[PDB]
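Chains as they are written, first to last, in PDB author numbering: chain B, 3 to 215; chain B', 3 to 215; chain A, 3 to 215; chain B'', 3 to 215; chain A', 3 to 215. A prime marks a further copy of an entry chain.
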């Protein structure tokens, strides 16, 4: 569940034995953890390919990607050699060999009826706080562009203490403008009008206010 | 139940996060808490309007009014904007967003069968003591003039160590005269006659005595 | 607590021993049960007098008054005879001699700190159901008019299926008009729209509708 | 039950809040506590009248009378005003408003089936020891002259270490002579004959001996 | 405790072994059970003598006297023979030899501190019901006249449905008149009004009515 710290938990990965979330957190970095059913499978492969393609967009935001399945490291690597040779993309982000699903269990990555992970995504910042969560089925690949929009929103949201409208930065109504957290007190309301008159923010109403970054 | 101190309990309100009863008590002030079913409803609105109209009568007695419902602050404020625009009365006293009914539960504001507050009034002084309690139904609006009479009686009652007759200050029998707490001991009885003869009080009997303020 | 059933109970009164609510609900009458601390006290006398000059107003309605203190029957009738002899009114409604507070306690009419009833009013329909409750402290006499008003309000709400505005039938916004129960589905709102055009109800909003009786 | 100390217990009375038995005991005084069903009743009134008439006989023995019922102080006093006006005897001894029968319970003053006291008398000395106990029914008034005989006997009995014959001071056999506690040892028997010869006591037998005061 | 049933019990007396109350209630007679500490003691002798000179007074009424100490039967009859030989009266009522106090204990005739009966009187009707109780200490002999009076009072109350005044039939306010049970409903008071006019009862008040037998 959201807002909880991330379990302090150690993982065997393709790039080494690492400590979570300490390894990313101590480096200022955030990370998007995501789980896939099984190495050497179709949909899963389309997703890995696509992440690699976008790895520098995530990374460039200070956001480290990392995958995970119940498979063992040797089939992880082998499958990644495959993507380098048949799709021609060297996979460059770490993958978790989640042994027996130690961690998957703890994170509710498993669906009803199952002993393998699903299609889960977790976004976790540099203070170890889980920020958002996604569970799609086996039968449907994710969209990393939606997962990308989200993170940017979050980054901005924290950096500027603002909310982001539906579909930001392409909101049909206020475009790429950021939303002012709606006011909750009568005195905070005077701060909204004080701001509208004099032109810092724009306001459909006292609760609905927005500005540019 | 009457005479109990008021639970030390913190509230989110329209005018801010405040502490009850410390906030009023530490200021010398008393307060009349009253609960309503739901923002944006007919009867409830007629009552809020009416309180605003009388807010300076209460306040002038050192008696602060404050409302409460299970609604959230944003619909509180919005509904109050409504009363300012359709009735033309800016609502000026605090309202409690009673989350899930934390507080309502504690105060027995809820009727049999229900998950929303009723039509309750509590009068609570500057030592946090609950002084009186009213529970009317959803289907009937209160009378703030009766709630007003009562408080004045109380104020006077404490200031002068006197009781107030039925319907004071317009008692059919002794008018706006205050009642002498009936004597309970044979020696206290001599103090009644000693007082009647010599003219300080007037007496239908030794238990039934009264005077002017 | 409101909405709840009046406990079945057998009580000793000045007029007989009766079963409540049965005695009144049997006949199809409502009743107002009210409590006073003790016979031969002043405020308590002012309210018995006042009730007796109101008794037929209530009695007209199918509402029966009935009182209660922890005093013995003999004490009661003596007090009633004092009121007869000394003020011109003969008390003509029953009063319950409530041994050791056995009823006062189920209804929790007992204020924090003491072994005697305070000033309580319970109003009960012809089905033994509890419609309204009022706990006033000893130092402040009630106002039998406010209760008269409340009962009138109640009887109306039930017979016409309506609600009542602050201080009805003298409300500041609509005098003695009845309020229509707020529309609470999209379908009920249109029901309102179509009723406004067709002058069957006037409206401040789709949720604020009233009418003449 | 006899011989027990009297419960240390505080009472609201007509003459004030007092502490029992400390209040009488600390003053050297004894007291006769007696209970009556209800203020304003026939038999009970005949008894109160009669006690007042004899109050100076009891008091003169250092024996303070005090009454008690479950009624409240205001009806106590009121009923006493009655006796002053219709019989013309100001009642001058304290009466207990035994709230809910706190004390009556403790003393077994209540009969089978009942929530009111009966016709009980307790004699209790200046060391708090209960000396004697009487329970008559509702339907029969006491005899204060029998209760008076008894106390005198007791007073004398303690002052002189003697027993009192049936009906003292008008015993058919030995008149107002006091009885010598029958001897219980062979050596104590020699003290009886030693006393008969030489004329201090008179003796029907060695166990049955008596003398004048 | 009064109003309660006399425990069923089989006792060894000087006249036989009998079952109580059965032996008396069977025949339709009442009985006075009384206890003394011990045979061959002085006060105890003065009261046995006195009872025997009263026995036919009681016996006339359907009241049977019966005594009890913790002494063995042989001891008892020896004592009775001493009273015969030494004072002219032959004891002619039974006396219970109560082994180890087995009955004295159920009736709790045992005073705080000791293993022997004191001076107790229980009066019991022909239905085994306990009408009055009296616990006198050893140092003070009883007055068989007061008990004679009490029993007379009782028998009357039952046969005529009345109550009795202080010290009846020599009451200071009405001699040997009977008291009418206080009217306790508004209807019973009128019943009294109409009986006074029509000279069937005299009255100090509606609650204080008497009559000749």
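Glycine is no exception: its CB is placed at the ideal position from the N, C-alpha and C atoms.
Looking at the structure shown, is residue 15 (chain B') part of a helix, part of a strand, or coil, going by DSSP? Numbered from its first residue, the second chain carries residue 15 (chain B') at position 13. Correct three-state label for residue 15 (chain B'): strand.
List, in order along the chain, the chain B' residues whose C-beta lies closer than 9 angstroms to that of residue 79 (chain B'')? By 1-based counting over the fourth chain, the position of residue 79 (chain B'') is 77. Simply 185, 186, 187, 188, 191, 208 and 209.
Whose CA, out of A:66, A:156, A:124 and A:56, lies closest to the CA of residue 142 (chain B')? As a working note, residue 142 (chain B') is residue 140 in the second chain. Ranking A:66, A:156, A:124 and A:56 by Cα distance to residue 142 (chain B') puts A:156 first.
Using a Cβ-Cβ cutoff of less than 8 angstroms, which residues in the same chain neighbour residue 38 (chain B) once the five nearest sequence positions on both sides are dropped? Taking the first residue of the first chain as 1, we reach residue 38 (chain B) at position 36. Correct list, in chain order: 46, 49, 50, 69, 70, 71, 119 and 121.
Show which residues of chain B'' have a CB atom less than 7 angstroms away from the CB atom of residue 103 (chain A). As a working mapping, residue 103 (chain A) is identified with position 101 in the third chain. Per Cβ cutoff of 7 angstroms: 102.
Quick one: list the residues of chain B'' neighbouring residue 107 (chain A), beta-carbon separation under 7 angstroms, in chain order. On the third chain, residue 107 (chain A) is found 105 positions in, with the first residue counted as 1. Near residue 107 (chain A) there are no residues of chain B'' at all, since even the closest Cβ is about 10 angstroms away, more than 7 angstroms.
Pairs of beta-carbons, one from the stretch 125-133 of chain B'' and one from the stretch 151-171 of chain A', closer than 8 angstroms: are there three or more? no
Let me know the secondary structure DSSP gives residue 71 (chain B') once reduced to three states. Against the second chain, residue 71 (chain B') aligns to sequence position 69. Three-state DSSP puts residue 71 (chain B') in a strand.
8 angstroms CB neighbourhood of residue 144 (chain B'') in its chain, flanking five on each side removed: The residue labelled residue 144 (chain B'') in the question sits at position 142 within the fourth chain. 36, 49, 121, 123, 136 and 138.
Boundaries (first-last residue) of the beta strand (DSSP E) holding residue 170 (chain B'): In the second chain, counting from the first residue as 1, residue 170 (chain B') sits at position 168. Neither: residue 170 (chain B') is in no beta strand (DSSP E) and is coded neither H nor E.
Note down the Cα distance separating residue 89 (chain B'') from residue 214 (chain A'), rounded to an integer number of angstroms. Here residue 89 (chain B'') is taken as the residue at index 87 of the fourth chain, counted from 1. Here residue 214 (chain A') is taken as the residue at index 212 of the fifth chain, counted from 1. Annotation: residue 89 (chain B'') to residue 214 (chain A') spans about 20 angstroms, alpha carbon to alpha carbon.
Leaving aside the five residues before and after residue 64 (chain B'') along the sequence, list all residues of the same chain whose C-beta is less than 7 angstroms from its C-beta, in chain order. Position 62 of the fourth chain holds residue 64 (chain B''). The residues are 30, 31 and 32.
Residues bridged to residue 177 (chain B') [DSSP beta-bridge criterion]: Here residue 177 (chain B') corresponds to residue number 175 of the second chain, with the count starting at 1. Answer by DSSP bridge pairing, in chain order: B':173.
Could you tell me whether any Cβ in chain A is nearer than 7 angstroms to the Cβ of residue 63 (chain B')? Taking the first residue of the second chain as 1, we reach residue 63 (chain B') at position 61. It does not; no Cβ of chain A falls within 7 angstroms.
Tell me the rounded alpha-carbon separation between residue 52 (chain A) and residue 168 (chain B'). As a first step, residue 52 (chain A) must be located in the third chain, where it is residue number 50. As a first step, residue 168 (chain B') must be located in the second chain, where it is residue number 166. Residue 52 (chain A) and residue 168 (chain B'): Cα-Cα distance of roughly 7 angstroms.
My assumption, with CB atoms under 8 angstroms, is that residue 99 (chain B'') sits in contact with residue 75 (chain B''). Please give the rounded CB distance. As a position in the fourth chain, residue 99 (chain B'') is number 97, starting the count at 1. As a position in the fourth chain, residue 75 (chain B'') is number 73, starting the count at 1. That belief holds up - the Cβ atoms of residue 99 (chain B'') and residue 75 (chain B'') are roughly 5 angstroms apart, short of 8 angstroms.
Taking the alpha-carbon positions, what's the residue 24 (chain A) to residue 6 (chain A) distance? Residue 24 (chain A) sits at position 22 when you count from the first residue of the third chain. Residue 6 (chain A) sits at position 4 when you count from the first residue of the third chain. Looking at the backbone, the Cα of residue 24 (chain A) and that of residue 6 (chain A) are separated by about 16 angstroms.
Residue burial classification, residue 184 (chain B') (beta-carbon count within 10 angstroms, cutoff 16): Residue numbering aside, residue 184 (chain B') sits at position 182 when the second chain is read from its first letter. Classification of residue 184 (chain B'): buried, given that the 10 Å Cβ count is 16 or more.
Could you tell me which chain A residues have their CB closer than 9 angstroms to the CB of residue 37 (chain B'), listed as they occur along the chain? For this step, residue 37 (chain B') is matched to residue 35 along the second chain. Result: empty, since nearest Cβ-Cβ is about 12 angstroms, beyond 9 angstroms.
According to the neighbour-count rule (16 or more other Cβ atoms, all chains shown, within 10 Å of its Cβ), is residue 194 (chain A') buried or exposed? Start at 1 with the first residue of the fifth chain, and residue 194 (chain A') comes out as number 192. Answer is buried; the Cβ neighbour count reaches 16.
Compare the beta carbon distance of residue 112 (chain B'') and residue 34 (chain B'') with 7 angstroms and say whether it is the shorter of the two. In the fourth chain, residue 112 (chain B'') corresponds to position 110, counting from 1. In the fourth chain, residue 34 (chain B'') corresponds to position 32, counting from 1. The Cβ atoms of residue 112 (chain B'') and residue 34 (chain B'') lie no closer than 7 angstroms to each other.
Anyone know if the C-beta pair for residue 203 (chain B) and residue 182 (chain B) falls short of 7 angstroms? Taking the first residue of the first chain as 1, we reach residue 203 (chain B) at position 201. Taking the first residue of the first chain as 1, we reach residue 182 (chain B) at position 180. Against a cut-off of 7 angstroms, the Cβ pair of residue 182 (chain B) and residue 203 (chain B) comes out as a contact.
Could you pull the start and end residues of the beta strand (DSSP E) that residue 132 (chain B) belongs to? In the first chain, residue 132 (chain B) corresponds to position 130, counting from 1. Here the beta strand (DSSP E) through residue 132 (chain B) covers 132-138.
Grab the span of the beta strand (DSSP E) containing residue 206 (chain B'') for me, first residue to last. Along the fourth chain, one-based indexing puts residue 206 (chain B'') at 204. Element bounds for residue 206 (chain B''): n/a, residue is neither H nor E.
Residue 17 (chain B''): buried (16+ other C-beta within 10 angstroms of its C-beta) or exposed? If you number the fourth chain from 1, residue 17 (chain B'') lands on position 15. It is exposed - the Cβ of residue 17 (chain B'') has fewer than 16 other Cβ atoms within 10 Å.
Taking the alpha carbon of residue 170 (chain A) as the reference point, which residue from A:162, A:163, A:161 and A:180 has its own alpha carbon closest? Stepping through the third chain from its first residue, residue 170 (chain A) is reached at position 168. When each option's Cα is compared against that of residue 170 (chain A), the closest is A:180.
Which residues mark the beginning and the end of the alpha helix (DSSP H) in which residue 61 (chain B) is found? The count along the first chain starts at 1 and reaches residue 61 (chain B) at position 59. For residue 61 (chain B), the uninterrupted alpha helix (DSSP H) run begins and ends at 44-62, by DSSP.
In its own chain, which residues sit with a C-beta less than 6 angstroms from the C-beta of residue 191 (chain B'), not counting the 5 before and 5 after it? What you label residue 191 (chain B') is simply residue 189 of the second chain in a count that begins at 1. Same-chain partners within the cutoff: 185 and 208.
Excluding the 5 residues flanking residue 59 (chain B) on each side, which residues of the same chain have their C-beta closer than 7 angstroms to its C-beta? The residue given as residue 59 (chain B) occupies position 57 in the first chain. For residue 59 (chain B), where only same-chain residues beyond five positions count, the Cβ hits under 7 angstroms are 150.
Taking a Cβ distance cut-off of 7 angstroms, strictly less, list which residues of the stretch 158-173 of chain B' are near chain A, in chain order. 159, 165, 166, 167, 168, 169, 170 and 173
Residue 79 (chain A'), DSSP secondary structure in three states: Here the question's residue 79 (chain A') lines up with position 77 in the fifth chain. Looking at residue 79 (chain A') - three-state DSSP - the assignment turns out to be helix.
So with Cβ pairs under 7 angstroms, would you call residue 76 (chain A') a contact of chain B''? Translated into positions along the fifth chain, residue 76 (chain A') becomes position 74. No, residue 76 (chain A') lies away from the interface with chain B'' (no Cβ there is under 7 angstroms from its Cβ).
Put residue 194 (chain A) into one of helix, strand or coil per three-state DSSP. Translated into positions along the third chain, residue 194 (chain A) becomes position 192. Note: residue 194 (chain A) maps to helix in three-state DSSP.
When the Cα atoms are used, what is the spatial distance from residue 128 (chain A) to residue 140 (chain A)? Against the third chain, residue 128 (chain A) aligns to sequence position 126. Against the third chain, residue 140 (chain A) aligns to sequence position 138. Taking the straight line from one Cα to the other gives about 29 angstroms.
Going by the DSSP bridge assignment, what does residue 155 (chain A) pair with across the sheet? In the third chain, the residue the question calls residue 155 (chain A) occupies position 153. In DSSP, residue 155 (chain A) forms no bridge with anything.
Which residues, in chain order, does the stretch 122-156 of chain B'' contribute to contact with chain A' at a C-beta distance below 8 angstroms? 133, 134, 135, 136, 137, 138, 139, 140, 141, 142, 143, 144, 145, 146, 147, 148, 151, 152, 155 and 156
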